[PDB]
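Take a look at the structure set out below.
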Amino acid sequence: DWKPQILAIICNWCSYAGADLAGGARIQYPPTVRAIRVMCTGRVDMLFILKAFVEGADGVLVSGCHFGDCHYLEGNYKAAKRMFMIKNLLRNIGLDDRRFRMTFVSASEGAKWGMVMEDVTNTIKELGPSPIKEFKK
Amino acid sequence: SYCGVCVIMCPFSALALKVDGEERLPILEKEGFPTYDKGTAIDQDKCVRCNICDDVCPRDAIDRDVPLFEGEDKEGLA
Amino acid sequence: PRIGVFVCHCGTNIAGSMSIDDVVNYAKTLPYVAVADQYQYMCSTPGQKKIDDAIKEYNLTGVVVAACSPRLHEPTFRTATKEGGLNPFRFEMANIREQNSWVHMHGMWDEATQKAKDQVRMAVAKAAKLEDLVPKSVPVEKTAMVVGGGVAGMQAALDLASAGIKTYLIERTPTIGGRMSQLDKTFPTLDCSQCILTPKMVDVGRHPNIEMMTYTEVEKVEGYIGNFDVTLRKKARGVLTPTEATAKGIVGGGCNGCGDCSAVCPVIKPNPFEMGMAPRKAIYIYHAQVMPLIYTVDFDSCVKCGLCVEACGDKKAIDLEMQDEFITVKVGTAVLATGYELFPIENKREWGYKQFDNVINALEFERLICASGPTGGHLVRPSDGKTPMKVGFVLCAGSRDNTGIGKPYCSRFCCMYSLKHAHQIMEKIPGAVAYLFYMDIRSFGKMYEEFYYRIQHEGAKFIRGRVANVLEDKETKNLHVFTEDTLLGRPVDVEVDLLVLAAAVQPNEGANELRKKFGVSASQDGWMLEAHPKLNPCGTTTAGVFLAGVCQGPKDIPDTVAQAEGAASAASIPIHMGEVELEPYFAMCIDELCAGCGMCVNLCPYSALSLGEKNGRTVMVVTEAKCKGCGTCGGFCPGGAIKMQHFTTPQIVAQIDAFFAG
Amino acid sequence: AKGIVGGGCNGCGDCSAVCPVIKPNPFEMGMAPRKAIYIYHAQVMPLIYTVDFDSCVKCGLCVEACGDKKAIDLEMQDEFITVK
Ligand SMILES: Cc1cc2nc3c(=O)[nH]c(=O)nc-3n(C[C@H](O)[C@H](O)[C@H](O)COP(=O)(O)OP(=O)(O)OC[C@H]3O[C@@H](n4cnc5c(N)ncnc54)[C@H](O)[C@@H]3O)c2cc1C
Ligand code: SF4
Ligand code: SF4
Ligand code: SF4
Ligand code: SF4
Ligand code: SF4
Ligand code: SF4
Ligand code: SF4
Ligand code: SF4
Ligand code: SF4
Ligand code: SF4
Ligand code: FES
């Protein structure tokens with residue numbers, strides 16, 4: 001009756017390329033994550049993550065370039081600081097902060113993208129349904 | 001070119017086209033070629049099971065499905 | 001809004017993983033969708049015709065194509081959307097092939113179908129909120145810059161100049177030419193390497209469209225495809241060219257290259273052109289065939305004795321108090337041609353490079369064998385100056401090595417140049433024998449295999465074994481090379497008079513600094529990265545910057561020149577047009593929502609944001625040319641006063657909302 | 001240009017669906033069949049369906065399949081053009 005709802009927000013220049021490379025190489029993984037594709041992860045506002053979690057994302061993933069490998073010289077440092085602060089907010093509002101993570105996937109790491117997909121799915125399955133969906137009523 | 005025109009236009013069918021393993025004529029399947037009107041027929045309300053037509057036939061193309069009576073064999077009926 | 005959804009089968013690549021019929025029916029029942037339809041190859045001419053007919057018939061506002069990746073087919077379907085009466089940017093893709101089919105092929109079909117329905121829903125939600133953009137066209141300055149004065153830089157500069165574009169040629173060293181100027185003879189044609197370069201050096205020095213700036217570096221670069229504001233450091237050469245002397249007022253001239261200055265200079269230092277084997281004064285030229293024959297002064301080693309100025313006399317070319325001058329130049333495109341250096345092979349201690357006298361590397365051997373080198377072209381042993389009679393060549397020295405000391409790649413030309421050096425010794429010293437300790441002879445180019453055949457015919461010994469270690473005889477200084485003859489099947493101990501290491505090559509010194517100034521990334525190997533490894537080996541991901549030569553990866557002089565001319569052509573494409581279109585992803589400030597806090601200003605790596613006066617209120621101002629569309633500022637601004645043109649917050653939030661719609 | 005308003009070849013494939021001649025495909029190094037009227041593969045840039053005149057038997061089924069598009073001219077000859 002329950003299937004995890006995981007949302008990914010992946011940059012165009014390394015994480016979308018890595019997911020595309022995994023697909024091209026035919027690396028299988030479970031069909032639980034759906035992606036959004038912004039240009040950089042610097043674009044990811046905090047309110048995007050919080051909006052996802054309040055609509056009912058059982059998990060949220062944000063994937064971007066490695067440090068020093070952003071297409072736009074430093075846009076993922078901003079995203080990293082923002083996601084550290086988001087981890088702190090979710091812990092202090094009492095939602096489980098491991099529902100959220102930020103992975104750094106390069107353009108050539110299709111295998112690592114597959115492993116990230118598998119691990120995110122496993123972690124959210126262990127965690128269970130998000131509590132917001134029943135706390136709203 | 002495996003068109004099969006030779007198979008359609010040979011008067012005594014001694015040429016056949018088999019595409020995969022079956023006698024198959026795509027040009028007829030698409031109706032791209034006329035065929036010969038030999039127009040054969042034997043009005044069975046006039047034929048009398050005679051034996052002349054099978055006897056005079058230069059090739060082997062007449063079937064006489066008649067029980068074989070005491071002539072040359074055991075009685076077809078009697 | 002009225003959206004059309006067109007679902008490609010990709011010729012069973014997608015229909016063999018999901019139910020395209022079900023996806024299409026779901027798209028039909030989706031809100032805002034006017035028409036939903038499918039085709040086998042939406043990237044083909046009937047597919048574009050299908051899109052255009054649907055647009056005309058159903059009066060479509062936007063188009064959603066459920067197909068392969070946007071990185072693969074945005075231009076195709078944007079042009080298909082334009083041809084049909086829409087804006088190109090009323091279009092959005094739903095990647096249901098490389099992120100649904102190819103990853104959910106096996107044993108899971110209704111799950112892939114549900115994922116496809118979700119992706120189509122999110123794409124439709126975004127496209128129902130996209131609106132019209134027009135790409136920005138920016139003018140292109142009609143100059144070009146070439147950093148590097150090697151063969152690849154000189155070829156690119158000559159190509160651009162003869163195409164008519166004014167070109168700057170920046171070289172850090174006092175002369176152009178590069179490594180090929182150090183080469184003695186060239187494989188496989190055995191032509192005098194320096195001689196072939198000399199006409200082309202003269203062409204570069206005489207071309208009116210080339211601004212040859214030797215002994216100069218690139219301090220900083222800012223700008224974009226349109227205008228690159230490049231600041232150059234004109235290092236204090238210490239000597240004036242005739243033009244500069246006349247400008248400063250000395251009628252008698254500047255430097256004519258007589259040599260009296262270096263005849264009287266008392267300082268003596270190693271010559272970097274001769275890899276240190278040869279002396280040169282404090283005021284010097286590398287070799288007698290340098291293109292600007294202008295006699296740099298080495299200020300780190302000059303003692304300001306003033307003898308040089310007395311020798312120069314009325315020419316008055318020497319200014320011992322000269323300082324680093326800075327110049328700012330505006331250019332349209334840039335070509336990077338930084339070349340390479342030899343990997344430090346003293347780290348491989350088993351081959352006693354620095355510790356045994358008679359172990360040298362291949363550029364030192366090339367200078368020793370050249371007739372213009374420290375010797376009279378006579379190869380002699382460094383230990384005692386005697387002529388060798390047995391010479392060993394250690395191929396793969398520091399290459400195809402996964403131990404962390406050497407390089408894991410092949411340096412491409414080291415098998416060929418070792419064959420050349422074996423030939424040169426066997427023909428220059430009568431009775432000398434060349435031993436090549438090899439592990440995969442790689443003679444792949446045109447006439448290379450024939451060159452290999454000819455060297456074996458002249459009688460070089462080929463021992464298939466990587467050298468294990470080298471011991472030096474204590475008295476004769478001879479070198480005992482220990483390896484196994486893998487084909488013979490026995491260990492060997494070959495005693496040679498001279499050992500030559502075919503060392504790996506690595507990016508030049510400072511190349512990473514320069515490519516970070518220009519915004520270029522690096523490869524796995526450490527060389528500069530190209531836009532697409534197959535179909536675009538010259539351009540980089542940053543627009544207006546192009547690669548040429550060994551700086552992108554090791555190559556022979558033929559391949560280097562082909563790459564250099566390719567880069568010159570790519571750099572000429574936007575200059576000849578004079579226009580270039582930027583992608584309309586810019587940030588646009590909504591002024592009557594900006595509060596003027598100024599906090600976003602420091603979040604732009606490109607300094608596109610600033611605080612300015614509009615209607616008395618202090619609001620933020622975007623230099624739309626400098627913006628690159630990253631979105632950092634617009635993801636920061638708390639009040640939502642920054643709009644990202646094709647990835648607006650309402651659009652992204654509509655995608656999120658559509659994902660959670662059930 | 002020749003006057004047929006309805007168009008020329010749109011790459012529908014009906015012609016090769018009805019052609020009865022079958023010959024090896026040089027694009028597939030001979031492993032695969034292709035009719036007398038054909039394209040090498042589905043991703044050819046001019047999707048215009050050449051006729052192989054060395055192997056066509058001029059049965060005329062292709063023109064009936066093409067219909068009002070009238071893209072097939074079985075009597076076409078080698079035209080010569082001079083370009084400077
Ligand atoms: C021992 C040896 C023998 C060889 N023999 C042959 C042969 O026989 N035949 C053959 O075809 N190939 C041969 N090669 C390969 C050949 O040298 C290269 O293919 C060729 O030199 C590549 O030239 P390039 O212009 O790309 O680089 P380079 O020749 O290295 O030129 C780069 C230039 O850029 C300058 N530069 C570097 N960094 C900067 C900077 N930041 N700013 C400004 N200027 C900068 C350098 O000073 C240099 O002048 C040999 C190589 C070696 C090592
Ligand atoms: S007529 Fe018969 S032999 Fe001639 S091309 Fe057709 S099938 Fe072949
Ligand atoms: S000849 Fe043949 S068809 Fe005619 S009557 Fe006799 S059996 Fe019948
Ligand atoms: S658009 Fe993409 S999915 Fe569709 S046929 Fe072309 S390559 Fe295949
Ligand atoms: S003496 Fe003066 S003119 Fe002659 S080479 Fe030296 S600097 Fe140049
Ligand atoms: S000032 Fe003296 S040390 Fe310096 S270049 Fe002139 S002669 Fe040599
Ligand atoms: S080119 Fe030859 S010598 Fe150089 S690394 Fe490659 S295999 Fe070794
Ligand atoms: S756009 Fe936002 S961050 Fe920038 S000055 Fe205005 S209010 Fe401040
Ligand atoms: S999106 Fe914002 S931060 Fe990024 S380059 Fe443009 S103005 Fe600067
Ligand atoms: S020739 Fe006619 S039938 Fe054949 S593909 Fe072209 S338009 Fe269709
Ligand atoms: S005319 Fe030629 S191409 Fe057309 S159906 Fe007949 S054999 Fe095939
Ligand atoms: S381009 Fe991917 S994180 Fe910036």
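As shown in the structure tokens, the chain order sets the letters A, B, ...; within each chain, residues go from 1, and ligands are also counted from 1 in the order they appear.
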Surrounding residues of residue A:15 excluding itself and chain neighbours under 6 positions, 7 Å, only C-alpha atoms, as a VMD selection string: chain A and resid 63 to 65 105 to 107
Contacts of residue C:112 within 6 Å, only C-alpha atoms, excl. fewer than 3 positions in-chain, as a PyMOL selection string: chain C and resi 18+109+115
Please write the residues from the selection above to a file, keeping C-alpha atoms, as a JSON list (two decimals), in the first residue's frame.
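Output saved as result11.json:
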[["chain", "number", "residue", "atom", "x", "y", "z"],
["C", 18, "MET", "CA", 6.94, 0.72, -20.51],
["C", 109, "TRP", "CA", 7.15, -2.77, -16.12],
["C", 115, "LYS", "CA", 7.58, 6.55, -13.26]]
Once DSSP has gone over the backbone, tell me which residues of chain B are in helix (DSSP H, G or I), as a ChimeraX atom specification. /B:5-8,26-29,52-56
Got time to write the residues from that selection, N, CA, C and O atoms, as a PDB file, in the first residue's frame?
ATOM      1  N   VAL B   5       8.450 -13.091 -61.284  1.00  0.00           N
ATOM      2  CA  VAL B   5       7.751 -12.941 -62.592  1.00  0.00           C
ATOM      3  C   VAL B   5       7.870 -14.252 -63.364  1.00  0.00           C
ATOM      4  O   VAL B   5       6.844 -14.723 -63.841  1.00  0.00           O
ATOM      5  N   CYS B   6       9.049 -14.871 -63.403  1.00  0.00           N
ATOM      6  CA  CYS B   6       9.254 -16.179 -64.076  1.00  0.00           C
ATOM      7  C   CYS B   6       8.283 -17.234 -63.559  1.00  0.00           C
ATOM      8  O   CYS B   6       7.829 -18.010 -64.372  1.00  0.00           O
ATOM      9  N   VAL B   7       8.006 -17.271 -62.261  1.00  0.00           N
ATOM     10  CA  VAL B   7       7.118 -18.295 -61.654  1.00  0.00           C
ATOM     11  C   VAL B   7       5.689 -18.075 -62.123  1.00  0.00           C
ATOM     12  O   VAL B   7       5.003 -19.078 -62.319  1.00  0.00           O
ATOM     13  N   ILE B   8       5.231 -16.826 -62.223  1.00  0.00           N
ATOM     14  CA  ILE B   8       3.851 -16.481 -62.691  1.00  0.00           C
ATOM     15  C   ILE B   8       3.701 -16.740 -64.185  1.00  0.00           C
ATOM     16  O   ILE B   8       2.641 -17.248 -64.562  1.00  0.00           O
ATOM     17  N   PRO B  26       5.196 -12.446 -53.286  1.00  0.00           N
ATOM     18  CA  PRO B  26       4.788 -11.115 -52.824  1.00  0.00           C
ATOM     19  C   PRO B  26       4.116 -10.282 -53.892  1.00  0.00           C
ATOM     20  O   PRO B  26       3.228  -9.481 -53.580  1.00  0.00           O
ATOM     21  N   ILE B  27       4.521 -10.440 -55.151  1.00  0.00           N
ATOM     22  CA  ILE B  27       3.968  -9.595 -56.197  1.00  0.00           C
ATOM     23  C   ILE B  27       2.497  -9.925 -56.426  1.00  0.00           C
ATOM     24  O   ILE B  27       1.683  -9.026 -56.664  1.00  0.00           O
ATOM     25  N   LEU B  28       2.113 -11.198 -56.313  1.00  0.00           N
ATOM     26  CA  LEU B  28       0.692 -11.526 -56.317  1.00  0.00           C
ATOM     27  C   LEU B  28       0.015 -11.102 -55.026  1.00  0.00           C
ATOM     28  O   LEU B  28      -1.134 -10.646 -55.051  1.00  0.00           O
ATOM     29  N   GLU B  29       0.692 -11.258 -53.887  1.00  0.00           N
ATOM     30  CA  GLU B  29       0.079 -10.841 -52.629  1.00  0.00           C
ATOM     31  C   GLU B  29      -0.318  -9.375 -52.669  1.00  0.00           C
ATOM     32  O   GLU B  29      -1.329  -8.987 -52.077  1.00  0.00           O
ATOM     33  N   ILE B  52     -10.508 -41.304 -71.212  1.00  0.00           N
ATOM     34  CA  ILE B  52      -9.862 -40.666 -72.398  1.00  0.00           C
ATOM     35  C   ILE B  52      -9.067 -39.435 -71.991  1.00  0.00           C
ATOM     36  O   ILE B  52      -7.937 -39.330 -72.418  1.00  0.00           O
ATOM     37  N   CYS B  53      -9.596 -38.595 -71.114  1.00  0.00           N
ATOM     38  CA  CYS B  53      -8.931 -37.312 -70.806  1.00  0.00           C
ATOM     39  C   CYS B  53      -7.625 -37.539 -70.063  1.00  0.00           C
ATOM     40  O   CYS B  53      -6.670 -36.835 -70.351  1.00  0.00           O
ATOM     41  N   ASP B  54      -7.580 -38.503 -69.161  1.00  0.00           N
ATOM     42  CA  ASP B  54      -6.324 -38.872 -68.454  1.00  0.00           C
ATOM     43  C   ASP B  54      -5.362 -39.523 -69.426  1.00  0.00           C
ATOM     44  O   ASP B  54      -4.159 -39.347 -69.258  1.00  0.00           O
ATOM     45  N   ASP B  55      -5.883 -40.336 -70.339  1.00  0.00           N
ATOM     46  CA  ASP B  55      -5.037 -41.051 -71.327  1.00  0.00           C
ATOM     47  C   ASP B  55      -4.366 -40.102 -72.324  1.00  0.00           C
ATOM     48  O   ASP B  55      -3.165 -40.273 -72.539  1.00  0.00           O
ATOM     49  N   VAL B  56      -5.084 -39.129 -72.879  1.00  0.00           N
ATOM     50  CA  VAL B  56      -4.529 -38.257 -73.942  1.00  0.00           C
ATOM     51  C   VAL B  56      -3.727 -37.117 -73.358  1.00  0.00           C
ATOM     52  O   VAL B  56      -3.028 -36.511 -74.131  1.00  0.00           O
TER      53      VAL B  56
END
Residues at most 12 Å from ligand 6, using only C-alpha atoms and all ligand atoms? Could they come as a PyMOL selection string? chain C and resi 237-239+259-269+280-285+295-312+317-321
How would you write, as a PyMOL selection string, the set of residues no farther than 12 Å from ligand 2 when counting only C-alpha atoms and all ligand atoms? (chain B and resi 1-10+14-19+24-27+33) or (chain D and resi 20-23+54-59)
Please produce an output containing N, CA, C and O atoms for each residue in the selection, written as a short mmCIF file (atom, residue, chain, number, x, y, z; two decimals), in the first residue's frame.
data_model
loop_
_atom_site.label_atom_id
_atom_site.label_comp_id
_atom_site.auth_asym_id
_atom_site.auth_seq_id
_atom_site.Cartn_x
_atom_site.Cartn_y
_atom_site.Cartn_z
N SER B 1 16.43 -11.13 -58.99
CA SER B 1 15.95 -10.19 -57.96
C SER B 1 14.84 -10.85 -57.15
O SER B 1 14.33 -10.22 -56.25
N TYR B 2 14.52 -12.07 -57.46
CA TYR B 2 13.50 -12.83 -56.71
C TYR B 2 12.15 -12.13 -56.77
O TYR B 2 11.44 -12.16 -55.78
N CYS B 3 11.83 -11.51 -57.90
CA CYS B 3 10.49 -10.91 -58.12
C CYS B 3 9.46 -12.01 -58.23
O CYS B 3 8.39 -11.87 -57.65
N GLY B 4 9.80 -13.07 -58.94
CA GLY B 4 8.86 -14.17 -59.14
C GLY B 4 8.06 -14.01 -60.40
O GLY B 4 7.10 -14.74 -60.56
N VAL B 5 8.45 -13.09 -61.28
CA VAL B 5 7.75 -12.94 -62.59
C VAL B 5 7.87 -14.25 -63.36
O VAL B 5 6.84 -14.72 -63.84
N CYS B 6 9.05 -14.87 -63.40
CA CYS B 6 9.25 -16.18 -64.08
C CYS B 6 8.28 -17.23 -63.56
O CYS B 6 7.83 -18.01 -64.37
N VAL B 7 8.01 -17.27 -62.26
CA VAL B 7 7.12 -18.29 -61.65
C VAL B 7 5.69 -18.08 -62.12
O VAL B 7 5.00 -19.08 -62.32
N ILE B 8 5.23 -16.83 -62.22
CA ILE B 8 3.85 -16.48 -62.69
C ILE B 8 3.70 -16.74 -64.19
O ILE B 8 2.64 -17.25 -64.56
N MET B 9 4.73 -16.44 -64.99
CA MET B 9 4.66 -16.49 -66.47
C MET B 9 5.22 -17.76 -67.10
O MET B 9 5.43 -17.75 -68.31
N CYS B 10 5.43 -18.84 -66.36
CA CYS B 10 5.88 -20.15 -66.90
C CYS B 10 4.66 -21.00 -67.15
O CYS B 10 3.99 -21.33 -66.20
N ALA B 14 7.11 -25.13 -63.53
CA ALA B 14 8.34 -25.85 -63.19
C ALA B 14 9.29 -24.90 -62.52
O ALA B 14 10.47 -25.21 -62.52
N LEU B 15 8.82 -23.74 -62.08
CA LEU B 15 9.68 -22.81 -61.31
C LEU B 15 8.85 -22.38 -60.10
O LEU B 15 7.67 -22.13 -60.31
N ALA B 16 9.41 -22.36 -58.88
CA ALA B 16 8.74 -21.93 -57.67
C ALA B 16 9.67 -21.02 -56.89
O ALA B 16 10.89 -21.16 -56.95
N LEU B 17 9.08 -20.08 -56.16
CA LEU B 17 9.82 -19.15 -55.32
C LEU B 17 9.44 -19.42 -53.88
O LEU B 17 8.26 -19.45 -53.54
N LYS B 18 10.45 -19.63 -53.04
CA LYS B 18 10.24 -19.84 -51.62
C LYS B 18 11.06 -18.81 -50.87
O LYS B 18 12.29 -18.81 -50.98
N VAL B 19 10.39 -17.93 -50.14
CA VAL B 19 11.08 -16.79 -49.54
C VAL B 19 11.83 -17.24 -48.30
O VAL B 19 13.06 -17.22 -48.28
N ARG B 24 5.87 -18.48 -51.64
CA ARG B 24 5.32 -17.17 -51.30
C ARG B 24 5.63 -16.21 -52.43
O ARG B 24 6.80 -16.00 -52.76
N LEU B 25 4.60 -15.60 -53.00
CA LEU B 25 4.74 -14.70 -54.14
C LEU B 25 4.28 -13.31 -53.72
O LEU B 25 3.08 -12.99 -53.79
N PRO B 26 5.20 -12.45 -53.29
CA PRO B 26 4.79 -11.11 -52.82
C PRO B 26 4.12 -10.28 -53.89
O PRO B 26 3.23 -9.48 -53.58
N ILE B 27 4.52 -10.44 -55.15
CA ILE B 27 3.97 -9.60 -56.20
C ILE B 27 2.50 -9.92 -56.43
O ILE B 27 1.68 -9.03 -56.66
N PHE B 33 0.82 -8.00 -60.55
CA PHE B 33 1.10 -8.70 -61.79
C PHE B 33 -0.07 -9.59 -62.15
O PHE B 33 -0.59 -10.28 -61.27
N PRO D 20 8.35 -6.12 -54.07
CA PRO D 20 8.59 -7.56 -53.95
C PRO D 20 10.04 -7.99 -54.09
O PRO D 20 10.36 -9.12 -53.71
N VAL D 21 10.91 -7.16 -54.62
CA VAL D 21 12.32 -7.50 -54.74
C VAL D 21 12.97 -7.41 -53.36
O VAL D 21 12.65 -6.51 -52.58
N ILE D 22 13.87 -8.33 -53.05
CA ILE D 22 14.61 -8.32 -51.80
C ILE D 22 16.08 -8.54 -52.10
O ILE D 22 16.44 -9.52 -52.76
N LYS D 23 16.93 -7.64 -51.62
CA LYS D 23 18.35 -7.66 -51.91
C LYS D 23 19.11 -7.37 -50.62
O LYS D 23 18.53 -6.88 -49.65
N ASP D 54 19.40 -1.01 -60.61
CA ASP D 54 19.99 -2.25 -61.07
C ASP D 54 19.18 -3.46 -60.68
O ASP D 54 19.37 -4.53 -61.27
N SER D 55 18.29 -3.33 -59.71
CA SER D 55 17.53 -4.47 -59.21
C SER D 55 16.03 -4.27 -59.27
O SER D 55 15.30 -5.23 -59.01
N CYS D 56 15.55 -3.08 -59.59
CA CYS D 56 14.13 -2.86 -59.77
C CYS D 56 13.63 -3.60 -61.01
O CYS D 56 14.31 -3.65 -62.03
N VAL D 57 12.44 -4.17 -60.91
CA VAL D 57 11.81 -4.83 -62.04
C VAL D 57 10.68 -3.98 -62.62
O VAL D 57 9.93 -4.47 -63.46
N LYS D 58 10.56 -2.73 -62.20
CA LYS D 58 9.56 -1.80 -62.73
C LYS D 58 8.15 -2.38 -62.64
O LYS D 58 7.34 -2.23 -63.54
N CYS D 59 7.86 -3.05 -61.52
CA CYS D 59 6.54 -3.64 -61.38
C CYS D 59 5.48 -2.58 -61.16
O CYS D 59 4.29 -2.83 -61.39
#
Give me, as a list in words, the contact residues of chain C against chain D at a cut-off of 10 Å, counting only C-alpha atoms.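 Result: residues 11, 41, 43, 44, 45, 46 and 49 of chain C.
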Could you save the residues just selected, with C-alpha atoms, as a PDB file, in the first residue's frame?
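Saved result, result03.pdb, follows:
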ATOM      1  CA  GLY C  11      12.327   2.261 -31.837  1.00  0.00           C
ATOM      2  CA  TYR C  41      11.265   8.364 -33.960  1.00  0.00           C
ATOM      3  CA  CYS C  43      13.771  13.132 -33.666  1.00  0.00           C
ATOM      4  CA  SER C  44      13.217  12.304 -37.340  1.00  0.00           C
ATOM      5  CA  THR C  45      11.692  14.504 -40.019  1.00  0.00           C
ATOM      6  CA  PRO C  46       8.234  12.871 -39.774  1.00  0.00           C
ATOM      7  CA  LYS C  49       6.361  17.300 -39.033  1.00  0.00           C
TER       8      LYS C  49
END
Which residues are near ligand 8 - at most 12 Å, using only C-alpha atoms and all ligand atoms? Format: as a PDB file with C-alpha atoms, in the first residue's frame.
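New file out.pdb:
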ATOM      1  CA  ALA C 587      18.794  36.463 -13.728  1.00  0.00           C
ATOM      2  CA  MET C 588      16.318  39.330 -13.923  1.00  0.00           C
ATOM      3  CA  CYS C 589      15.722  41.516 -10.881  1.00  0.00           C
ATOM      4  CA  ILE C 590      12.126  42.492 -10.135  1.00  0.00           C
ATOM      5  CA  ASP C 591      12.759  45.983  -8.825  1.00  0.00           C
ATOM      6  CA  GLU C 592       9.483  46.644  -7.061  1.00  0.00           C
ATOM      7  CA  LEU C 593      10.244  43.538  -5.008  1.00  0.00           C
ATOM      8  CA  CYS C 594      13.922  44.254  -4.362  1.00  0.00           C
ATOM      9  CA  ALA C 595      14.607  45.802  -0.962  1.00  0.00           C
ATOM     10  CA  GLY C 596      18.181  46.831  -1.688  1.00  0.00           C
ATOM     11  CA  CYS C 597      19.823  44.748   1.017  1.00  0.00           C
ATOM     12  CA  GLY C 598      22.763  44.047  -1.285  1.00  0.00           C
ATOM     13  CA  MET C 599      23.350  40.598   0.177  1.00  0.00           C
ATOM     14  CA  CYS C 600      23.055  38.788  -3.167  1.00  0.00           C
ATOM     15  CA  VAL C 601      25.875  40.864  -4.653  1.00  0.00           C
ATOM     16  CA  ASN C 602      28.619  38.680  -3.183  1.00  0.00           C
ATOM     17  CA  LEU C 603      27.000  35.425  -4.282  1.00  0.00           C
ATOM     18  CA  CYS C 604      27.880  35.913  -7.949  1.00  0.00           C
ATOM     19  CA  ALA C 608      27.130  40.282 -12.533  1.00  0.00           C
ATOM     20  CA  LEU C 609      25.213  41.814  -9.614  1.00  0.00           C
ATOM     21  CA  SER C 610      25.507  45.316  -8.205  1.00  0.00           C
ATOM     22  CA  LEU C 611      23.461  47.890  -6.323  1.00  0.00           C
ATOM     23  CA  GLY C 612      22.175  50.789  -8.383  1.00  0.00           C
ATOM     24  CA  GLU C 613      19.728  53.670  -8.358  1.00  0.00           C
ATOM     25  CA  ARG C 617      15.120  53.272  -4.520  1.00  0.00           C
ATOM     26  CA  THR C 618      18.428  51.442  -4.324  1.00  0.00           C
ATOM     27  CA  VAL C 619      17.799  48.130  -6.076  1.00  0.00           C
ATOM     28  CA  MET C 620      19.976  45.403  -7.567  1.00  0.00           C
ATOM     29  CA  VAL C 621      21.152  45.548 -11.190  1.00  0.00           C
ATOM     30  CA  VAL C 622      22.023  42.501 -13.307  1.00  0.00           C
ATOM     31  CA  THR C 632      22.707  31.058  -6.905  1.00  0.00           C
ATOM     32  CA  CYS C 633      21.448  34.604  -6.384  1.00  0.00           C
ATOM     33  CA  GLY C 634      17.864  33.695  -7.202  1.00  0.00           C
ATOM     34  CA  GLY C 635      17.996  30.722  -4.893  1.00  0.00           C
ATOM     35  CA  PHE C 636      19.237  33.022  -2.160  1.00  0.00           C
ATOM     36  CA  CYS C 637      17.040  36.143  -2.324  1.00  0.00           C
ATOM     37  CA  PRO C 638      14.511  35.792   0.539  1.00  0.00           C
ATOM     38  CA  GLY C 639      11.944  38.139  -1.001  1.00  0.00           C
ATOM     39  CA  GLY C 640      11.827  36.454  -4.384  1.00  0.00           C
ATOM     40  CA  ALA C 641      13.042  39.579  -6.165  1.00  0.00           C
ATOM     41  CA  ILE C 642      15.307  37.663  -8.559  1.00  0.00           C
ATOM     42  CA  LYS C 643      13.659  35.729 -11.447  1.00  0.00           C
ATOM     43  CA  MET C 644      15.577  32.929 -13.251  1.00  0.00           C
TER      44      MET C 644
END
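For the atom pair formed by atom 16 (C, counted along the ligand's line) of ligand 1 and atom CA of residue C:372, the distance is 18.4 Å, given to one decimal.
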Long-range neighbours of residue C:547 as a compact mmCIF listing (two decimals) with N, CA, C and O atoms, in the first residue's frame, 7 Å cut-off, only C-alpha atoms, 3 positions minimum in chain:
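Result written to around-v4.txt:
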# COMPACT_ATOMS: atom_id res chain seq x y z
N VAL C 335 42.73 30.99 -27.49
CA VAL C 335 43.22 29.65 -27.81
C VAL C 335 44.35 29.33 -26.84
O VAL C 335 45.31 30.10 -26.72
N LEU C 336 44.24 28.19 -26.17
CA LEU C 336 45.22 27.78 -25.17
C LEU C 336 46.10 26.69 -25.77
O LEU C 336 45.60 25.64 -26.16
N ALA C 337 47.41 26.91 -25.72
CA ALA C 337 48.40 26.00 -26.35
C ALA C 337 49.62 25.95 -25.43
O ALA C 337 50.68 26.37 -25.88
N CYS C 538 38.51 20.27 -29.68
CA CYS C 538 39.17 21.57 -29.57
C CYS C 538 38.48 22.50 -28.58
O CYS C 538 39.14 23.06 -27.70
N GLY C 539 37.18 22.67 -28.70
CA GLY C 539 36.47 23.57 -27.82
C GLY C 539 36.35 23.03 -26.41
O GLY C 539 36.39 21.83 -26.16
N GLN C 552 46.19 19.61 -24.41
CA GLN C 552 45.00 18.78 -24.30
C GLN C 552 45.31 17.29 -24.20
O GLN C 552 44.40 16.49 -23.97
N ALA C 567 41.38 24.41 -33.92
CA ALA C 567 41.06 25.41 -32.90
C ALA C 567 40.99 26.80 -33.50
O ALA C 567 40.13 27.60 -33.11
Could you list the protein, DNA and RNA residues that have any atom within 6 Å of ligand 3, counting only C-alpha atoms and all ligand atoms, and write them as a PyMOL selection string? chain B and resi 42+47-53
